[PDB]
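In case you want the letters, here they are:
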Amino acid sequence: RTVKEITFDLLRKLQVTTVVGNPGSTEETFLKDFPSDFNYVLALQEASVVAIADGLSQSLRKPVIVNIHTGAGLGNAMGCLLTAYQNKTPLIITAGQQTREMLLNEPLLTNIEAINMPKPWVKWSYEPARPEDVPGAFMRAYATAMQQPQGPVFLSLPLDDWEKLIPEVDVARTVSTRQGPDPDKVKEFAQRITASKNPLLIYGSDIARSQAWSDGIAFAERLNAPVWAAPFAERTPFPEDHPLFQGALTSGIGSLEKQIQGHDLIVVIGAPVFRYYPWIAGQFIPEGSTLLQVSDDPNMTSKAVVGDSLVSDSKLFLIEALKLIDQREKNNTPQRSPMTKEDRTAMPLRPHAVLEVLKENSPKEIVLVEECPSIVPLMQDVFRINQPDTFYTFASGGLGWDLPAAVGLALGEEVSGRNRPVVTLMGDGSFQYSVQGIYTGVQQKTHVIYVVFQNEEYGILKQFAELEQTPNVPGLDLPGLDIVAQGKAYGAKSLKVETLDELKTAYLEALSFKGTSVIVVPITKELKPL
Amino acid sequence: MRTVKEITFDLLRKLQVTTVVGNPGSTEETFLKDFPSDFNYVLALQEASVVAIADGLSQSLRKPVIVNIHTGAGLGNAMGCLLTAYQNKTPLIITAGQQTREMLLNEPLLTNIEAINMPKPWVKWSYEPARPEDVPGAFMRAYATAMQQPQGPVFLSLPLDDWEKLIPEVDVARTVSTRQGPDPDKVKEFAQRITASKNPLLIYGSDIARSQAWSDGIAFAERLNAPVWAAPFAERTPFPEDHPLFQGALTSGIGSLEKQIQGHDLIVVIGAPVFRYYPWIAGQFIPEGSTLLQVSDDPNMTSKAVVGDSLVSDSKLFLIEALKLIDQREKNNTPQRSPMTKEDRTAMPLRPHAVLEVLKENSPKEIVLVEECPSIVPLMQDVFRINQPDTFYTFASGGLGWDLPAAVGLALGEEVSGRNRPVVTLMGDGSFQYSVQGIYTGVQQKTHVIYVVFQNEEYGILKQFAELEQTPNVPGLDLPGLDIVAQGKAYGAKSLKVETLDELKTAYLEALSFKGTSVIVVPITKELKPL
Amino acid sequence: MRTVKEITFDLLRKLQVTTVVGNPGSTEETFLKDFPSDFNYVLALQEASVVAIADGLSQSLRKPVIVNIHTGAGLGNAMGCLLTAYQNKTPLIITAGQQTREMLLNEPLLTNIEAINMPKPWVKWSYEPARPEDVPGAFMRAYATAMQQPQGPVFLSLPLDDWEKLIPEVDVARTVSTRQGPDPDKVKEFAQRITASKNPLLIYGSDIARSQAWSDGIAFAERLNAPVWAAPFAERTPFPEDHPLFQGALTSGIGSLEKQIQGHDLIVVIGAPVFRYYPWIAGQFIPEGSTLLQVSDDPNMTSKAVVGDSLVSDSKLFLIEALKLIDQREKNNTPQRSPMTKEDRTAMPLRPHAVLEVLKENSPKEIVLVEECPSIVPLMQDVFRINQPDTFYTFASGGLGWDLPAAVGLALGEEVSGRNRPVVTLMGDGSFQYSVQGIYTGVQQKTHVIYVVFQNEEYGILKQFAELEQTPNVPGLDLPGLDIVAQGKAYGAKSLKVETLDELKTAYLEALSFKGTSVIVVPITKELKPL
Ligand SMILES: Cc1ncc(C[n+]2csc(CCOP(=O)(O)OP(=O)(O)O)c2C)c(N)n1
Ligand SMILES: Cc1ncc(C[n+]2csc(CCOP(=O)(O)OP(=O)(O)O)c2C)c(N)n1
Ligand SMILES: Cc1ncc(C[n+]2csc(CCOP(=O)(O)OP(=O)(O)O)c2C)c(N)n1
Ligand SMILES: [Mg+2]
Ligand SMILES: [Mg+2]
Ligand SMILES: [Mg+2]
């Protein structure tokens, strides 16, 4: 049979039957007579292609294939590829390559030294040494991506390989997708925890990926210790209305340290130590304290700022550790403050008020995605996430990921059949990076609701300039954008609301409309402290 | 505040990494200034030997050893042995001096240009610290990266001017795990497959040696009463070779290995690649109708296996968990391997099997055995049936020039542990040349290492390959005119050539009684057995 | 159709690249099968020597030489000498066998994993052909890439199964330029600066040697009547060293070089980096008030210069064009360098300047001189004043282990050209060890090479550095217990130790009369002059 026929059969066996792509000449032999039992999802630009695939893969917990056009396409996708790598998403990135007949002399659209282009943001990058190896290379790509710590891989595929007649090969294999902790280390860590007087827990997003939500609750309740979310936790690791939950840690060395004072043992599960952002002088952890870290990614433990670490799937660790820790009595761990109420009469509208209007009109069953940097602490006050697989944002800080990722997550809602609407809180600046993603939402009829907070500026960059005392930075203002027209351009239901009652009406309408909507909300240019 | 150097050496003390194997240069002198008396510096004359000595020592001690070499020039000379350290999974911390930051931008003589890219793809991590302040922390990250499973070498490029800088005293010391266990769901799945199988066959690889799973591998095999084979090119003995269940070492062609494992429905590979093939011999990966399970501690190995269902795990952790889920089987007439054959000792020129027999029958119970004499491997496997852990060592990579210096490192390890076994090293005459300078370190350190050189005046195994693969008239396969006795003398070793098996016995016993480095040259037949 | 092998060898004939220096392995046997009689295969015992021999030969012939080594293991052993070939700008075609495409995907033993990345950053191009059909074309692209200015090595990874494939007969042979000239606008600008200067000073580097610009450099200097200095660490003589205008070799510190060139308003550097510094010596790049012009054939060199206005050009092409635009100047009392000093020959232990004088006064008019004895360089520069092109050679990189085997390659070149000059090689005892195996190739090929080993039982220049840079108590600087005579004997060379200057004279004259490889060991004082 042909390389193509055999390869698609392998993909059926692996149950990887979705291809998100933006086509080109070098991909046509792969896509020829695309089979009806596979799904091809078009996006208009490659950053959106990857991010859509990422959102879908996160939802389904299995690989999705990306198919993009040689070097030019891979290049457009590199920002979102970095983000997929940091999200630990097992994407199989494929790009067509010029025909082996001409490759040596590098004609137009040759992906020159292809394997080196996506470095350092893939687990493996490869261009098969012959057509006969293509199916085997897909199996190796799957195997590589799916073993812990999961992540994206890249295959460069010469266009002439697909039509080659080869004898059937049986390359299908299976692999493990988790590894457990060294039992000596679990005992060591448990001894430390048992001996501590006032432990504090910091949970990160490995807990979300590994489906350890309930195990994380059991562990925290066993200790009756305060729980914080690690700084810049991309996915909710702990129920945010639980009495033990304190909030999300700030992201400066000194600021985080101040937040965790008063505890002798700092126990970090499923997170880097630590995902800092601004520079704030200080000590990593309080004087007199010590720290333990669990991550499923040897890279994270290898570069931690402090502590004793072990490498483990978060769920397997939490299960093992639970067996060794005895129940502790209530210890008046504080309860976080109730949500505040913003002035809804202020004009221009204040973002906390906007968030409150969305929240009070939301069904329990939504997916919430966020890429609106300046309002994050306000969102954290208002949307207290209390279910798993509900909140998603990037692990990387790379703008242009969330808009298309929301479409991918919505596609996942249809595959699972759960069909929650995906409510996506977007900054006006962030909205621009991968604005083309809206088209895929409309064409695929995904239920996605974009709420755009229009302050006509890159707000968080002004918050930074304030904190770090860097005045007169250019390019921070965004006058003259018509975001409603942006929604209209790609066929979304799109409107601007000028009052909170209009917002409630537009939002309820969007919740009732099985399709993609854009709701633009003008807000104050004023900014809270970073 | 203290100097970068003082803080770094204090970290190394805390980490218990206090041996540096090196070949010095100008860019390393600021690192080596006032080298402290509680550390050991081991000089070797060329950088391939530097890395291999460190590799051998690190394998012996099961902790990192520091390599200190001279910028890009030194790193370059070391790259073959670094590839081998990577495939051995040895947690070496490779350091090379770099030109001073005062000049780096304009790349004066002996700048290691794009230093982080030079050792790729053969390190787990490569780095040049962004400031002197980061040097101690970079050593900690280097240690952490190297010591987490799957273990392996890392590289730091260190500008010479950093060492004398006064920097804030920051505590960078951390600890890490060095093992990861299996997914319990996968252990259950694998145990179910094993329990249901009619006639399972076990293939053990060297993860078992590194992870100290020797006894657990025996327990597992005895629980199943299944035949055990060593994986092809297993660098370190994974199973006692005189155990009734042990069948031998698998050959390294696809079709040849397949034929050896026929008659078994389930193939269970623990601690090995699937598979470390070498010659091209067409066939099927496993017998028609069979299926395969694989356990490796290295996700790279499982990701590229030719066949099977795999999981990633430390070998010891897997064997312990799996034992819990499998029931004892009755003896099932698993065959016993043939006794060692007896070569014709009357034949001249001397035959290597007889040479090996003479060494074996005169060896003490406790030796370390190292081998890099490719054409005699099957003969060695017949004669030296290794029945203790941490006894046999060779390269994982096939890169000649590793074993001669690695033997010195293993010997240094015997002195550190205090066990003090002699290291007997079986060397081909061609192989001996690649890193011949390593002998000097053996002599200078007074390591008890005995090199037995099998002199057939040829690259024998390449002629074996030329036959199997039908490539006549290949040049450069003959090695006339080498005086290997003189090579030993050149570096100060006890050195002599023996012409009879009685002379060999006398020389070998003498070398065993001499606490130092010896070379015994044995002329053998140029005739070669089949691959 | 014909086999990939037949077509490739036919291309190599057309390109006139018919020498292969190699160390064979299984993955190269299909390439070397039925090696043709009109090509020459030169065996060396270790891959650092393989590359350096090829480098020396390629420098002699001014065309590529093929290196054939064994997958990642062989390439690894060669990386230090490959770095050096790159900095020498030698157009070597480095080839390594790769595992068969039948198994490559699953990476069996001796796979060169990510082969194209291993030799980075030390090749102009690295490639593994996408199919057997592309192999001949890949050799053509390899040749083209290597031979275009700035010349340098390239790497091909060649799967063993490609060679026997029948492929369409396609004509892939092409030709390329090997030189590029200067922007005429920049020549005019530079000429104007030179003409306007009051007291210009010339610094010449080794591009002049490679580009055969010897006479053009003399014409240019005589036109200006300006003092000429050799750039620091000039690997090959750029100007006749007994010419009245020649001042000497510049020192290699920023502040020391600056002091040497004081008193001149315009510094004109032709065919050199600006500058190849080594020790850190603080100061200004050029004297206050002066300005600098630079010509190099390598855009990398001009891109990273510490100072000046530069242009990229072949040295010969620039010198020819510039000569046209500059007027003759009158003699301006440019000083004449001091005559060679005369060392005390009565002193014992023997002093290296006296040893050098004895070699010089007994040397024939036509020799090739190679040097890798770091501590004696200034003494050599005083004694051996090179006054002919293509006579003196050393490394551009400072990587020890290059010169010993490179001497063999230079000797092979003397036989190819037919000129047959003896190659006299001045070696330190430490330096001698790195690639000692190279001697074997000299002996086996019967090259006329005379190694004079300066034995001070130490890494002398590292002690000089420890003094200048105040790093006491550095370990590994002493080299007791080496029998270098035995090293020569080991590889079949004429070998002896001399204890007096009269014995040295006798041994040296004998080696000059013996068409083969000799080693002469000369014990010298351990005392060391200042850097
Ligand atoms: C691809 C990419 N480009 C630039 C940035 C830098 N960046 C971080 S926040 C930010 C401004 C976001 O502005 P907006 O989306 O309008 O949200 P706001 O802060 O105003 O609420 C920018 C440009 C980035 N993180 N990623
Ligand atoms: C660094 C390196 N260069 C070349 C090879 C290829 N090679 C494999 S076996 C071999 C010959 C070994 O000869 P010898 O040590 O004399 O052993 P014999 O086969 O004669 O017993 C060679 C050159 C290699 N494996 N590694
Ligand atoms: C491959 C390599 N390793 C180490 C060095 C560092 N190095 C420079 S000079 C030198 C000593 C040379 O000693 P020797 O050849 O005996 O000459 P001497 O200085 O005693 O005259 C060393 C080890 C180097 N330049 N290249
Ligand atoms: Mg904004
Ligand atoms: Mg041999
Ligand atoms: Mg010396």
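Participant: Tell me about the coordination of the magnesium ion (ligand 5), residues and numbers included.
Facilitator: All names here are of chain B. Looking at the metal site, the magnesium ion (ligand 5) is ligated by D429 (OD), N456 (OD1) and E458 (O), spaced 2.2 to 2.3 Å from it. Mapping the donors of the magnesium ion (ligand 5) onto the primary sequence gives the spacing D-x26-N-x1-E. Taken together, the positions of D429 in helix 16 (residues 429–434) and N456 in the loop between strand 19 (449–455) and helix 18 (460–468) put the pair 27 residues apart, joining distant regions of the chain. There is no split in this pair, since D429 and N456 are both buried.

Participant: So, helix 6 (residues 135–147) of chain C: which residues are in play, and what are the values?
Facilitator: The first and last C-alpha atoms of helix 6 of chain C sit 18 Å apart over 13 residues, in line with the 18 Å expected at 1.5 Å per residue. When you tally the buried positions in helix 6 of chain C, you get 13 out of 13 residues, the bulk of the element.

Participant: Break down the pairing of strand 18 (residues 423–428) of chain B for me, citing the residues and quoting the values.
Facilitator: Residues and elements named next belong to chain B. Counting buried residues along strand 18, six of its six residues qualify, which places the element largely inside the surrounding structure. Both faces of strand 18 are covered, namely the face carrying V423, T425 and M427 and the face carrying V424, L426 and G428. In terms of strand pairing, strand 16 (residues 368–372) meets strand 18 through five bridges, oriented parallel. Residue pairing in the sheet places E371 in a bridge with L426 of strand 18. Of the pairings in the sheet, the one linking strand 18 to strand 19 comprises six bridges and is parallel in character. By the bridge assignment for strand 19, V424 is matched with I450.

Participant: How would you summarise the relation of the copies chain B and chain C if you had to cite specific residues and measurements?
Facilitator: Both copies of the chain are related by a screw-like operation: a rotation about an axis and a shift along it. It takes a turn of 180° to lay chain B on chain C, together with a shift of 0.0 Å along the axis; the resulting RMSD is 0.0 Å. On this basis, the relationship between the two copies can be described by a two-fold rotation axis. Mapped onto chain C, 100% of the interface residues of chain B again fall at the interface, so both copies present the same surface.

Participant: How would you explain the domain arrangement of chain B if you had to name every residue and give the values?
Facilitator: Residues and elements named next belong to chain B. Partitioning chain B into domains gives domain 1 (1–176), domain 2 (177–338) and domain 3 (339–531). Using C-alpha coordinates to define each centre, domain 1 is positioned 36 Å away from domain 2. Counting residues at the interface gives ten residues for domain 1, matched by 14 residues for domain 2. Ranking the residues of domain 1 by area buried against domain 2 places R62, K89 and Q149 at the top, with a combined share of 56%. Connecting domain 1 to domain 2 are two salt bridges.

Cut-offs applied
- Residues numbered from 1 in each chain as written, not as in the entry; some residues may be left out.
- Chains lettered and ligands numbered in written order.
- Part of a larger assembly, values for the part shown.
- Heavy atoms only, no water.
- Residues with missing side-chain atoms left out of burial classes, pairs and counts.
- Donors = N, O, S within 2.8 Å, 3.2 Å for Na, K, Ca; no water.
- Helix = DSSP H or I, 4+ residues; strand = E, 2+ residues; numbered from the N terminus.
- Buried < 20%, exposed > 50% of the residue type's maximum accessible area, 1.4 Å probe, protein only.
- Expected span 1.5 Å × (residues − 1).
- Pairing = 2+ DSSP bridges.
- Least-squares fit on C-alpha atoms.
- Contact = heavy atoms within 4.5 Å.
- Domains from an automatic or database assignment.
- Buried area = accessible area lost by both parts, 1.4 Å probe.
- Salt bridge = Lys/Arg side-chain N within 4 Å of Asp/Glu carboxyl O.

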